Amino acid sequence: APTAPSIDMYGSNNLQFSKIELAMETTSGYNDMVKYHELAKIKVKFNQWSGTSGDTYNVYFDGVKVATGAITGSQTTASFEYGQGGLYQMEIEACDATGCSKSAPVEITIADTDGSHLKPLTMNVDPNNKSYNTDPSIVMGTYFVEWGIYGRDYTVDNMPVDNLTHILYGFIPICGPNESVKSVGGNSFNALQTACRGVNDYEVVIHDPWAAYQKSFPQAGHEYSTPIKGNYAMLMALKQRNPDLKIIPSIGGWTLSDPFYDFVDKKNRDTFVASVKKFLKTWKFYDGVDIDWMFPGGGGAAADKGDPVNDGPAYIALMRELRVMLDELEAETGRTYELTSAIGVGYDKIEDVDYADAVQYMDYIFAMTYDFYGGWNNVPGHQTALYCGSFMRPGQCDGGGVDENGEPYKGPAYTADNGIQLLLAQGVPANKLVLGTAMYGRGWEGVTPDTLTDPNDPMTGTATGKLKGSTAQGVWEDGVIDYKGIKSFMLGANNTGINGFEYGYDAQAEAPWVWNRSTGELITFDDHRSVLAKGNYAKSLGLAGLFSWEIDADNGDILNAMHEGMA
(Lines of atoms letter the chains of each structure in order from A and count residues from 1; the text may use other names and numbers.)
(Lines give C-alpha, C1' and ligand atoms only; values in the text may rest on other atoms or scores of the structure.)
Protein backbone atom coordinates (compact mmCIF):
# COMPACT_ATOMS: atom_id res chain seq x y z
CA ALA A 1 0.00 0.00 0.00
CA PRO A 2 2.00 3.00 -1.31
CA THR A 3 1.10 6.64 -0.66
CA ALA A 4 -1.77 7.73 -2.93
CA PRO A 5 -0.53 9.99 -5.77
CA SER A 6 -1.24 13.70 -5.37
CA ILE A 7 -1.78 15.55 -8.67
CA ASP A 8 0.53 18.51 -9.30
CA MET A 9 -1.94 20.85 -11.01
CA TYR A 10 0.61 23.46 -12.13
CA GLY A 11 2.98 20.77 -13.45
CA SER A 12 0.09 19.19 -15.37
CA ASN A 13 -0.94 22.38 -17.22
CA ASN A 14 -4.02 22.63 -14.93
CA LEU A 15 -5.14 19.39 -16.66
CA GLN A 16 -5.97 21.37 -19.83
CA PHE A 17 -4.93 19.69 -23.08
CA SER A 18 -5.86 20.11 -26.75
CA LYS A 19 -5.64 18.17 -30.02
CA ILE A 20 -5.37 21.51 -31.83
CA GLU A 21 -2.80 24.30 -31.55
CA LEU A 22 -4.12 27.69 -32.64
CA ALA A 23 -2.13 30.94 -32.77
CA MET A 24 -4.04 33.54 -30.74
CA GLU A 25 -1.81 36.63 -30.64
CA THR A 26 -0.33 36.60 -34.15
CA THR A 27 -1.52 36.44 -37.77
CA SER A 28 0.28 34.41 -40.44
CA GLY A 29 -0.25 31.59 -42.97
CA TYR A 30 -2.96 28.99 -42.34
CA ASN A 31 -0.52 26.08 -41.88
CA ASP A 32 1.60 28.22 -39.54
CA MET A 33 -1.40 29.24 -37.38
CA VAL A 34 -3.31 25.92 -37.31
CA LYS A 35 -1.78 22.61 -36.15
CA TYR A 36 -4.05 19.60 -35.72
CA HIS A 37 -2.94 16.40 -34.00
CA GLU A 38 -4.74 13.04 -34.20
CA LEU A 39 -3.50 12.33 -30.67
CA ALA A 40 -3.22 14.91 -27.89
CA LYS A 41 0.03 14.77 -25.94
CA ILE A 42 -0.94 14.37 -22.29
CA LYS A 43 1.55 15.20 -19.54
CA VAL A 44 0.49 14.78 -15.90
CA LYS A 45 2.75 15.31 -12.87
CA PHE A 46 2.04 13.81 -9.44
CA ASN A 47 3.69 13.86 -6.01
CA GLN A 48 4.27 11.36 -3.19
CA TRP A 49 6.30 13.38 -0.66
CA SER A 50 5.43 11.24 2.39
CA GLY A 51 5.52 7.46 2.92
CA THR A 52 6.44 5.04 0.12
CA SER A 53 6.01 5.85 -3.58
CA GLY A 54 5.67 2.31 -4.97
CA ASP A 55 6.99 0.89 -8.25
CA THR A 56 4.26 1.44 -10.84
CA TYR A 57 1.57 3.97 -11.78
CA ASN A 58 -1.69 3.60 -13.70
CA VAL A 59 -3.75 6.45 -15.16
CA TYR A 60 -7.53 6.03 -15.47
CA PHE A 61 -10.09 8.05 -17.44
CA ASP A 62 -13.58 7.30 -16.05
CA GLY A 63 -12.27 3.99 -14.62
CA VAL A 64 -10.64 2.89 -17.89
CA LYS A 65 -6.83 2.59 -17.95
CA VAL A 66 -5.18 4.95 -20.47
CA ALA A 67 -1.54 4.95 -19.29
CA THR A 68 1.04 3.10 -17.19
CA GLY A 69 4.71 3.40 -16.18
CA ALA A 70 7.33 3.45 -13.43
CA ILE A 71 7.69 5.44 -10.21
CA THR A 72 11.33 6.18 -9.36
CA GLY A 73 10.98 8.69 -6.50
CA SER A 74 8.93 11.33 -4.71
CA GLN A 75 7.85 13.04 -7.96
CA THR A 76 6.67 11.45 -11.22
CA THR A 77 5.70 12.71 -14.69
CA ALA A 78 3.20 10.61 -16.66
CA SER A 79 3.45 11.29 -20.40
CA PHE A 80 1.07 9.62 -22.87
CA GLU A 81 -1.15 10.20 -25.92
CA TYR A 82 -4.95 10.25 -26.21
CA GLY A 83 -7.16 10.77 -29.27
CA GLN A 84 -10.71 11.30 -28.00
CA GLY A 85 -11.78 14.80 -26.97
CA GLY A 86 -13.94 15.38 -23.90
CA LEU A 87 -14.08 15.70 -20.12
CA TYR A 88 -12.91 12.74 -18.04
CA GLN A 89 -12.66 11.82 -14.37
CA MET A 90 -8.95 11.12 -13.96
CA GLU A 91 -7.54 8.96 -11.18
CA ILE A 92 -3.88 8.05 -10.78
CA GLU A 93 -2.96 4.83 -9.03
CA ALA A 94 0.35 3.87 -7.41
CA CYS A 95 1.17 0.18 -6.92
CA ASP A 96 3.73 -2.04 -5.24
CA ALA A 97 3.80 -5.74 -4.26
CA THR A 98 1.53 -5.09 -1.24
CA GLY A 99 -1.27 -3.21 -3.06
CA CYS A 100 -2.49 -0.14 -4.96
CA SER A 101 -3.63 3.33 -3.86
CA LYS A 102 -5.66 5.77 -5.98
CA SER A 103 -5.76 9.56 -6.06
CA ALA A 104 -9.07 11.38 -5.61
CA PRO A 105 -10.76 11.83 -9.00
CA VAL A 106 -10.19 15.12 -10.84
CA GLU A 107 -11.48 16.35 -14.20
CA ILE A 108 -9.10 16.39 -17.17
CA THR A 109 -9.98 18.42 -20.27
CA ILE A 110 -8.98 17.24 -23.74
CA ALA A 111 -10.12 19.77 -26.34
CA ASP A 112 -11.18 18.73 -29.82
CA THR A 113 -12.90 20.54 -32.70
CA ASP A 114 -16.14 18.58 -32.30
CA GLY A 115 -16.68 20.62 -29.11
CA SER A 116 -16.77 17.46 -26.97
CA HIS A 117 -14.94 19.37 -24.19
CA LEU A 118 -17.48 22.21 -24.25
CA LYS A 119 -20.75 22.85 -22.46
CA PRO A 120 -23.76 23.45 -24.76
CA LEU A 121 -23.92 27.06 -25.96
CA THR A 122 -26.11 29.50 -24.05
CA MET A 123 -28.39 31.28 -26.52
CA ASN A 124 -29.31 34.97 -26.75
CA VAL A 125 -32.03 34.97 -29.42
CA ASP A 126 -34.43 37.82 -30.28
CA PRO A 127 -37.75 36.65 -28.74
CA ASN A 128 -39.53 37.81 -31.93
CA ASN A 129 -38.34 34.42 -33.19
CA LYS A 130 -41.28 32.11 -32.41
CA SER A 131 -41.30 28.37 -31.62
CA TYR A 132 -42.54 25.84 -34.20
CA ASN A 133 -43.17 22.09 -34.57
CA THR A 134 -41.97 21.89 -38.19
CA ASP A 135 -41.27 18.40 -39.56
CA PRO A 136 -37.50 17.85 -38.99
CA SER A 137 -37.19 16.27 -42.47
CA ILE A 138 -37.95 19.68 -44.01
CA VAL A 139 -34.83 21.74 -44.75
CA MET A 140 -34.77 25.09 -42.94
CA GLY A 141 -31.44 26.67 -43.84
CA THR A 142 -29.66 29.98 -43.45
CA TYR A 143 -26.28 31.61 -44.00
CA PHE A 144 -24.26 32.90 -41.07
CA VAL A 145 -21.46 35.22 -42.18
CA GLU A 146 -17.98 35.35 -40.60
CA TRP A 147 -17.74 39.16 -40.81
CA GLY A 148 -21.16 39.67 -39.15
CA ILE A 149 -19.48 39.89 -35.73
CA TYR A 150 -18.12 43.36 -36.58
CA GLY A 151 -20.46 46.21 -37.63
CA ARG A 152 -23.49 43.91 -37.90
CA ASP A 153 -22.84 42.78 -34.29
CA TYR A 154 -24.46 39.40 -34.87
CA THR A 155 -22.92 36.45 -33.06
CA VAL A 156 -23.44 32.67 -33.12
CA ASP A 157 -25.54 32.73 -29.91
CA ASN A 158 -28.00 35.13 -31.62
CA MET A 159 -29.09 32.49 -34.16
CA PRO A 160 -32.60 31.00 -33.72
CA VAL A 161 -31.01 27.53 -33.84
CA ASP A 162 -34.18 25.60 -32.93
CA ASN A 163 -35.76 27.03 -36.09
CA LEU A 164 -32.92 25.80 -38.32
CA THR A 165 -31.81 22.45 -39.76
CA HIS A 166 -28.81 23.82 -41.68
CA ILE A 167 -26.36 26.62 -40.94
CA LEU A 168 -24.15 27.53 -43.89
CA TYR A 169 -21.01 29.42 -42.85
CA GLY A 170 -19.86 32.06 -45.35
CA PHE A 171 -17.23 32.11 -46.60
CA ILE A 172 -14.19 29.84 -46.95
CA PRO A 173 -11.71 31.08 -49.57
CA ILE A 174 -9.54 29.04 -51.94
CA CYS A 175 -5.91 30.15 -52.36
CA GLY A 176 -4.97 31.25 -55.88
CA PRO A 177 -6.39 33.81 -58.33
CA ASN A 178 -8.67 36.12 -56.33
CA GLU A 179 -8.78 39.53 -58.05
CA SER A 180 -12.52 39.81 -57.26
CA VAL A 181 -11.66 40.08 -53.52
CA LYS A 182 -10.24 43.58 -54.11
CA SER A 183 -13.77 44.97 -54.67
CA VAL A 184 -14.49 44.26 -50.98
CA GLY A 185 -11.84 46.70 -49.71
CA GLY A 186 -11.22 46.78 -45.94
CA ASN A 187 -7.85 45.09 -46.55
CA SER A 188 -9.62 41.81 -47.46
CA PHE A 189 -7.22 40.91 -50.28
CA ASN A 190 -4.14 41.45 -48.06
CA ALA A 191 -5.72 39.27 -45.34
CA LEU A 192 -6.20 36.49 -47.91
CA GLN A 193 -2.59 36.81 -49.14
CA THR A 194 -1.43 36.42 -45.53
CA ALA A 195 -3.60 33.33 -44.91
CA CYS A 196 -2.29 31.75 -48.12
CA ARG A 197 1.42 32.16 -47.33
CA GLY A 198 2.72 28.58 -47.03
CA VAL A 199 -0.44 27.24 -48.69
CA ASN A 200 -0.55 25.75 -52.19
CA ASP A 201 -2.89 27.22 -54.80
CA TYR A 202 -6.39 25.63 -54.79
CA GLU A 203 -6.27 24.68 -51.10
CA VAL A 204 -8.80 26.15 -48.65
CA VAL A 205 -7.93 28.53 -45.79
CA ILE A 206 -9.67 30.59 -43.11
CA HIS A 207 -10.05 34.20 -44.34
CA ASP A 208 -10.38 35.83 -40.91
CA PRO A 209 -8.72 33.80 -38.11
CA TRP A 210 -9.59 36.51 -35.55
CA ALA A 211 -13.33 36.07 -36.22
CA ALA A 212 -12.99 32.32 -36.77
CA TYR A 213 -11.07 31.15 -33.68
CA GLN A 214 -9.19 33.95 -31.86
CA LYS A 215 -11.84 36.43 -30.65
CA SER A 216 -12.83 35.97 -27.01
CA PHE A 217 -16.61 35.83 -26.53
CA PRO A 218 -17.64 36.20 -22.84
CA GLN A 219 -21.05 34.63 -23.56
CA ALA A 220 -19.10 31.44 -24.39
CA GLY A 221 -16.80 31.65 -21.34
CA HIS A 222 -13.65 32.29 -23.38
CA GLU A 223 -10.48 33.23 -21.50
CA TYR A 224 -6.75 33.64 -22.19
CA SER A 225 -5.99 29.90 -21.96
CA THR A 226 -9.01 28.69 -23.99
CA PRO A 227 -7.53 26.55 -26.84
CA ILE A 228 -10.31 27.44 -29.33
CA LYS A 229 -12.21 30.74 -29.38
CA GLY A 230 -14.10 32.85 -31.96
CA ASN A 231 -17.10 31.80 -34.07
CA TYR A 232 -15.75 28.27 -34.45
CA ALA A 233 -15.67 27.54 -30.70
CA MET A 234 -19.21 28.90 -30.43
CA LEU A 235 -20.35 26.69 -33.34
CA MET A 236 -18.72 23.73 -31.54
CA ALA A 237 -20.69 24.58 -28.37
CA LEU A 238 -23.79 24.99 -30.55
CA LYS A 239 -23.34 21.43 -31.85
CA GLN A 240 -23.32 20.28 -28.21
CA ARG A 241 -26.68 22.00 -27.65
CA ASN A 242 -28.18 20.91 -30.98
CA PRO A 243 -26.51 17.63 -32.07
CA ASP A 244 -28.84 17.08 -35.07
CA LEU A 245 -28.09 20.53 -36.50
CA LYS A 246 -26.02 20.53 -39.71
CA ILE A 247 -23.25 23.13 -39.84
CA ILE A 248 -21.63 23.30 -43.27
CA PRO A 249 -18.73 25.44 -44.55
CA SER A 250 -19.60 27.42 -47.67
CA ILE A 251 -16.68 27.62 -50.07
CA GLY A 252 -16.54 30.61 -52.42
CA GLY A 253 -19.39 33.10 -52.73
CA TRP A 254 -19.54 36.13 -55.04
CA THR A 255 -16.08 37.53 -54.25
CA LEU A 256 -14.23 34.24 -53.67
CA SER A 257 -15.28 32.24 -56.77
CA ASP A 258 -12.28 33.06 -59.02
CA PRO A 259 -10.24 29.86 -58.31
CA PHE A 260 -13.17 27.62 -59.35
CA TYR A 261 -12.61 28.51 -63.02
CA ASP A 262 -9.30 26.61 -62.86
CA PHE A 263 -11.10 23.38 -61.87
CA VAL A 264 -11.21 22.44 -65.58
CA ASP A 265 -7.80 20.89 -64.79
CA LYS A 266 -8.39 17.78 -62.63
CA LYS A 267 -5.05 18.31 -60.84
CA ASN A 268 -6.49 21.50 -59.33
CA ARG A 269 -9.64 19.65 -58.24
CA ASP A 270 -7.43 16.95 -56.69
CA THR A 271 -5.56 19.58 -54.63
CA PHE A 272 -8.85 21.19 -53.55
CA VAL A 273 -10.62 17.94 -52.64
CA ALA A 274 -7.64 16.78 -50.52
CA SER A 275 -7.59 20.19 -48.79
CA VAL A 276 -11.31 19.92 -47.93
CA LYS A 277 -10.79 16.45 -46.43
CA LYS A 278 -7.99 17.89 -44.25
CA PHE A 279 -10.24 20.84 -43.33
CA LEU A 280 -13.10 18.57 -42.21
CA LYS A 281 -10.73 16.40 -40.15
CA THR A 282 -9.26 19.53 -38.53
CA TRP A 283 -12.66 21.16 -37.88
CA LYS A 284 -14.89 18.29 -36.74
CA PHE A 285 -18.02 20.38 -35.99
CA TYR A 286 -18.55 20.75 -39.75
CA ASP A 287 -20.97 18.22 -41.32
CA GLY A 288 -20.00 18.39 -45.01
CA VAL A 289 -19.21 20.98 -47.67
CA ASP A 290 -21.15 23.61 -49.61
CA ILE A 291 -19.79 24.76 -52.98
CA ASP A 292 -20.78 28.31 -53.88
CA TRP A 293 -19.38 28.88 -57.36
CA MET A 294 -20.65 31.98 -59.11
CA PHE A 295 -20.87 30.93 -61.82
CA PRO A 296 -19.94 28.00 -64.07
CA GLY A 297 -19.85 29.47 -67.58
CA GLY A 298 -19.21 33.02 -66.35
CA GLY A 299 -21.33 36.00 -65.35
CA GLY A 300 -19.79 36.30 -61.88
CA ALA A 301 -17.59 38.97 -60.29
CA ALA A 302 -14.71 38.30 -62.70
CA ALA A 303 -15.81 39.48 -66.16
CA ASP A 304 -12.81 37.82 -67.86
CA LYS A 305 -13.63 34.31 -66.61
CA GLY A 306 -16.09 31.56 -67.55
CA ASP A 307 -15.99 28.59 -69.91
CA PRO A 308 -19.45 27.48 -71.16
CA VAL A 309 -17.94 24.30 -72.65
CA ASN A 310 -15.83 23.04 -69.74
CA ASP A 311 -17.13 24.61 -66.48
CA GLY A 312 -20.26 22.42 -66.19
CA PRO A 313 -18.38 19.13 -66.73
CA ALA A 314 -15.81 20.40 -64.16
CA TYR A 315 -18.58 21.18 -61.66
CA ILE A 316 -20.07 17.68 -62.10
CA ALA A 317 -16.62 16.05 -61.77
CA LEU A 318 -15.97 18.12 -58.64
CA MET A 319 -19.19 16.81 -57.04
CA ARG A 320 -18.35 13.21 -57.97
CA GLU A 321 -14.83 13.61 -56.53
CA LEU A 322 -16.03 15.40 -53.36
CA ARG A 323 -18.57 12.61 -52.77
CA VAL A 324 -15.82 9.97 -53.08
CA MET A 325 -13.78 11.95 -50.53
CA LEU A 326 -16.77 12.36 -48.19
CA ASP A 327 -17.44 8.60 -48.45
CA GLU A 328 -13.87 8.08 -47.20
CA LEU A 329 -14.60 10.30 -44.17
CA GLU A 330 -17.86 8.43 -43.55
CA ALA A 331 -15.97 5.11 -43.57
CA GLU A 332 -13.29 6.52 -41.23
CA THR A 333 -15.65 8.18 -38.72
CA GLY A 334 -19.05 6.45 -38.98
CA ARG A 335 -20.56 9.91 -39.48
CA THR A 336 -22.81 11.04 -42.33
CA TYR A 337 -21.50 13.91 -44.49
CA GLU A 338 -23.54 16.18 -46.77
CA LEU A 339 -22.55 17.67 -50.12
CA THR A 340 -24.42 20.80 -51.20
CA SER A 341 -24.19 23.79 -53.55
CA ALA A 342 -25.79 27.20 -53.79
CA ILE A 343 -26.45 27.97 -57.46
CA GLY A 344 -27.66 30.84 -59.65
CA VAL A 345 -31.20 30.44 -61.00
CA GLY A 346 -31.02 32.68 -64.08
CA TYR A 347 -31.70 30.64 -67.23
CA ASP A 348 -28.26 31.74 -68.46
CA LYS A 349 -26.56 30.26 -65.39
CA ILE A 350 -28.62 27.03 -65.13
CA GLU A 351 -28.01 26.13 -68.80
CA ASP A 352 -24.24 25.81 -68.25
CA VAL A 353 -24.50 22.78 -65.95
CA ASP A 354 -26.14 19.36 -66.32
CA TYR A 355 -27.51 19.37 -62.77
CA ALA A 356 -29.21 15.99 -63.33
CA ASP A 357 -25.68 14.56 -63.58
CA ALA A 358 -24.25 16.68 -60.72
CA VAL A 359 -27.12 16.15 -58.25
CA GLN A 360 -26.75 12.34 -58.08
CA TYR A 361 -23.69 13.00 -55.88
CA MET A 362 -25.36 15.74 -53.87
CA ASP A 363 -27.75 16.02 -50.94
CA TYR A 364 -29.15 19.48 -51.69
CA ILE A 365 -29.12 22.31 -54.19
CA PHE A 366 -29.70 25.69 -52.57
CA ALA A 367 -31.48 27.55 -55.38
CA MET A 368 -30.53 31.23 -55.05
CA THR A 369 -33.96 32.55 -55.94
CA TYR A 370 -33.10 36.19 -55.26
CA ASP A 371 -31.05 39.01 -56.86
CA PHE A 372 -33.29 38.97 -59.96
CA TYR A 373 -33.22 42.77 -60.12
CA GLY A 374 -31.06 45.27 -58.28
CA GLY A 375 -29.04 48.47 -58.00
CA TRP A 376 -26.40 47.30 -60.52
CA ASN A 377 -28.62 49.08 -63.04
CA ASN A 378 -31.57 51.49 -62.98
CA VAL A 379 -34.28 48.98 -63.97
CA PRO A 380 -36.79 48.26 -61.18
CA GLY A 381 -38.22 44.77 -60.69
CA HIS A 382 -38.94 42.16 -58.03
CA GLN A 383 -35.62 40.76 -56.78
CA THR A 384 -37.02 37.57 -55.25
CA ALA A 385 -40.53 37.09 -56.70
CA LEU A 386 -42.05 33.65 -57.12
CA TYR A 387 -43.72 34.52 -60.44
CA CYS A 388 -43.61 37.07 -63.26
CA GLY A 389 -44.72 40.53 -62.15
CA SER A 390 -47.35 42.86 -63.58
CA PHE A 391 -44.50 45.11 -64.77
CA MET A 392 -43.28 42.52 -67.30
CA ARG A 393 -43.90 42.89 -71.05
CA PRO A 394 -46.06 40.55 -73.18
CA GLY A 395 -44.19 37.25 -73.55
CA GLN A 396 -41.34 38.39 -71.29
CA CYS A 397 -42.19 35.77 -68.66
CA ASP A 398 -41.55 32.73 -70.88
CA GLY A 399 -39.07 34.67 -73.04
CA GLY A 400 -41.01 34.25 -76.30
CA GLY A 401 -41.86 37.95 -76.49
CA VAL A 402 -40.05 41.12 -77.52
CA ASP A 403 -38.46 44.00 -75.53
CA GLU A 404 -38.69 47.82 -75.86
CA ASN A 405 -36.39 47.88 -78.92
CA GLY A 406 -38.25 45.07 -80.69
CA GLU A 407 -35.49 42.61 -79.79
CA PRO A 408 -36.50 39.09 -78.70
CA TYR A 409 -35.91 38.01 -75.12
CA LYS A 410 -33.06 35.49 -74.90
CA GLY A 411 -34.60 33.36 -72.15
CA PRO A 412 -37.35 33.17 -69.51
CA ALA A 413 -37.62 36.09 -67.07
CA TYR A 414 -35.71 36.10 -63.78
CA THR A 415 -38.21 34.62 -61.29
CA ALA A 416 -38.09 31.87 -58.66
CA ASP A 417 -40.55 29.60 -60.50
CA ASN A 418 -38.77 30.01 -63.86
CA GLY A 419 -35.52 28.88 -62.19
CA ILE A 420 -37.08 25.96 -60.30
CA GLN A 421 -38.92 24.79 -63.44
CA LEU A 422 -35.68 24.87 -65.47
CA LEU A 423 -33.94 22.72 -62.85
CA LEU A 424 -36.84 20.24 -62.73
CA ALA A 425 -36.79 20.19 -66.57
CA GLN A 426 -33.17 19.01 -66.47
CA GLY A 427 -34.26 16.03 -64.36
CA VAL A 428 -33.30 17.37 -60.92
CA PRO A 429 -35.58 15.79 -58.27
CA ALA A 430 -37.81 18.29 -56.43
CA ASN A 431 -36.84 16.78 -53.05
CA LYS A 432 -33.22 17.91 -53.48
CA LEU A 433 -34.14 21.51 -54.33
CA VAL A 434 -34.16 24.12 -51.56
CA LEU A 435 -36.01 27.37 -52.31
CA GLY A 436 -34.30 30.67 -51.44
CA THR A 437 -35.83 33.39 -49.28
CA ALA A 438 -34.39 36.92 -49.01
CA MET A 439 -33.78 38.47 -45.59
CA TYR A 440 -32.77 41.70 -47.33
CA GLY A 441 -34.04 44.15 -49.91
CA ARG A 442 -32.47 45.66 -52.99
CA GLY A 443 -33.28 49.27 -53.73
CA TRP A 444 -33.13 52.34 -55.92
CA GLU A 445 -33.75 56.06 -55.59
CA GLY A 446 -35.27 58.45 -58.15
CA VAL A 447 -38.15 56.16 -59.16
CA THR A 448 -40.48 59.16 -59.03
CA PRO A 449 -44.15 58.94 -60.19
CA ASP A 450 -43.33 60.74 -63.48
CA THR A 451 -41.11 57.82 -64.60
CA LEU A 452 -43.93 55.26 -64.25
CA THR A 453 -45.94 53.90 -67.18
CA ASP A 454 -48.41 52.31 -64.74
CA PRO A 455 -49.02 55.03 -62.07
CA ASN A 456 -49.75 52.41 -59.39
CA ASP A 457 -46.76 50.17 -60.12
CA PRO A 458 -43.29 51.59 -59.30
CA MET A 459 -41.78 48.52 -61.00
CA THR A 460 -42.74 50.25 -64.27
CA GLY A 461 -40.54 53.30 -63.49
CA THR A 462 -36.85 54.15 -63.91
CA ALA A 463 -34.24 54.85 -61.21
CA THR A 464 -31.53 57.53 -61.03
CA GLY A 465 -29.28 55.34 -58.84
CA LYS A 466 -28.94 52.97 -55.87
CA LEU A 467 -30.68 53.21 -52.50
CA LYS A 468 -28.49 55.16 -50.06
CA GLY A 469 -28.41 55.24 -46.28
CA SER A 470 -26.76 54.45 -42.97
CA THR A 471 -25.74 51.15 -41.37
CA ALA A 472 -28.11 52.10 -38.52
CA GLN A 473 -30.91 51.55 -41.05
CA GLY A 474 -29.32 48.32 -42.29
CA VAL A 475 -27.69 49.77 -45.41
CA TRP A 476 -24.23 48.15 -45.46
CA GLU A 477 -23.76 48.78 -49.18
CA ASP A 478 -25.62 51.13 -51.55
CA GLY A 479 -28.65 49.43 -53.12
CA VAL A 480 -28.95 46.80 -50.35
CA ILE A 481 -30.79 46.89 -47.00
CA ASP A 482 -31.39 44.39 -44.14
CA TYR A 483 -35.00 43.23 -43.83
CA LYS A 484 -34.93 44.34 -40.17
CA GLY A 485 -33.96 47.82 -41.45
CA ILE A 486 -36.91 47.83 -43.89
CA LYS A 487 -39.23 46.84 -41.02
CA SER A 488 -37.83 49.44 -38.59
CA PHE A 489 -37.56 52.38 -40.99
CA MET A 490 -39.94 51.84 -43.95
CA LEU A 491 -42.74 49.46 -42.90
CA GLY A 492 -43.43 50.26 -39.24
CA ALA A 493 -45.66 48.29 -36.83
CA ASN A 494 -48.29 46.89 -39.26
CA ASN A 495 -47.08 47.40 -42.86
CA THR A 496 -48.65 50.89 -42.83
CA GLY A 497 -45.52 52.46 -44.27
CA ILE A 498 -43.55 55.12 -42.41
CA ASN A 499 -41.14 58.01 -43.12
CA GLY A 500 -42.68 58.77 -46.53
CA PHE A 501 -42.83 55.13 -47.66
CA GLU A 502 -45.95 53.25 -48.75
CA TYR A 503 -46.32 49.46 -48.81
CA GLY A 504 -47.36 47.57 -51.95
CA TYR A 505 -47.75 43.97 -53.08
CA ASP A 506 -47.80 42.33 -56.50
CA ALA A 507 -50.25 39.43 -56.06
CA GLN A 508 -49.36 38.06 -59.50
CA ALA A 509 -45.63 37.93 -58.68
CA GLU A 510 -46.06 37.23 -54.96
CA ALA A 511 -43.68 40.08 -54.10
CA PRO A 512 -43.82 43.09 -51.75
CA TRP A 513 -42.28 46.54 -52.02
CA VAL A 514 -41.95 49.83 -50.20
CA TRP A 515 -41.95 53.06 -52.19
CA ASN A 516 -41.36 56.69 -51.23
CA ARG A 517 -43.05 58.84 -53.89
CA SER A 518 -41.22 62.05 -52.88
CA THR A 519 -37.68 60.62 -53.00
CA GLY A 520 -38.39 57.88 -55.55
CA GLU A 521 -36.83 55.38 -53.14
CA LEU A 522 -37.98 51.86 -54.00
CA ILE A 523 -37.13 48.60 -52.21
CA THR A 524 -37.86 45.03 -53.31
CA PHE A 525 -37.68 42.27 -50.66
CA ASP A 526 -39.42 39.26 -49.08
CA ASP A 527 -42.06 39.79 -46.39
CA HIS A 528 -44.47 37.64 -44.37
CA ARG A 529 -46.93 37.37 -47.28
CA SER A 530 -44.38 36.48 -49.99
CA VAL A 531 -42.57 33.99 -47.74
CA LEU A 532 -45.91 32.30 -46.95
CA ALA A 533 -46.41 31.99 -50.72
CA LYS A 534 -42.92 30.51 -51.13
CA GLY A 535 -43.59 27.98 -48.35
CA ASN A 536 -46.97 27.00 -49.82
CA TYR A 537 -45.27 26.68 -53.24
CA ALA A 538 -42.46 24.51 -51.81
CA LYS A 539 -44.84 21.97 -50.25
CA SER A 540 -47.00 21.92 -53.40
CA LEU A 541 -43.97 20.95 -55.52
CA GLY A 542 -42.48 18.66 -52.86
CA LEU A 543 -39.27 20.69 -52.58
CA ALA A 544 -36.71 19.84 -49.86
CA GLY A 545 -37.53 23.04 -47.97
CA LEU A 546 -36.39 26.66 -47.67
CA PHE A 547 -33.15 28.53 -47.04
CA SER A 548 -32.22 32.18 -46.54
CA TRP A 549 -29.52 34.81 -46.93
CA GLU A 550 -28.48 36.10 -44.36
CA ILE A 551 -29.75 35.45 -40.79
CA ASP A 552 -28.18 38.57 -39.23
CA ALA A 553 -30.46 40.69 -41.44
CA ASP A 554 -33.69 39.11 -40.11
CA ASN A 555 -35.58 40.28 -37.01
CA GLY A 556 -37.43 36.96 -36.76
CA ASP A 557 -40.23 37.86 -39.19
CA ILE A 558 -38.72 36.06 -42.20
CA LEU A 559 -37.72 32.81 -40.49
CA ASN A 560 -41.11 32.78 -38.71
CA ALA A 561 -42.86 33.11 -42.08
CA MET A 562 -40.62 30.35 -43.49
CA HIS A 563 -41.92 27.94 -40.83
CA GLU A 564 -45.52 29.17 -41.09
CA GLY A 565 -45.40 28.80 -44.89
CA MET A 566 -44.25 25.18 -44.52
CA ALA A 567 -46.96 24.44 -41.92
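Heads up: residue numbers just count along the shown sequence, starting at 1.
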{"item": "Of 49-57 and 530-538, the one with larger mean CA B-factor", "value": "49-57"}
{"item": "Which of 248-256 and 178-186 has higher mean CA B factor, as the PDB entry lists it", "value": "178-186"}
{"item": "Out of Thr77, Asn231, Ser341, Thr282, highest CA B-factor residue", "value": "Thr77"}
{"item": "Out of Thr415, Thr72, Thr113, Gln426, residue topping the C-alpha B-factor column of the entry", "value": "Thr72"}
{"item": "CA B-factor placement of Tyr132, once the chain's modelled residues are sorted into thirds", "value": "highest"}
{"item": "Where the record places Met319 (Cα B-factor, split into thirds across the chain)", "value": "lowest"}
{"item": "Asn516 by Cα B-factor - lowest, middle or highest third of the modelled chain", "value": "highest"}
{"item": "Ranked C-alpha temperature factor of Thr68 among modelled chain residues, by third", "value": "highest"}
{"item": "Assigned third (lowest, middle, highest) for the C-alpha B factor of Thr524", "value": "lowest"}
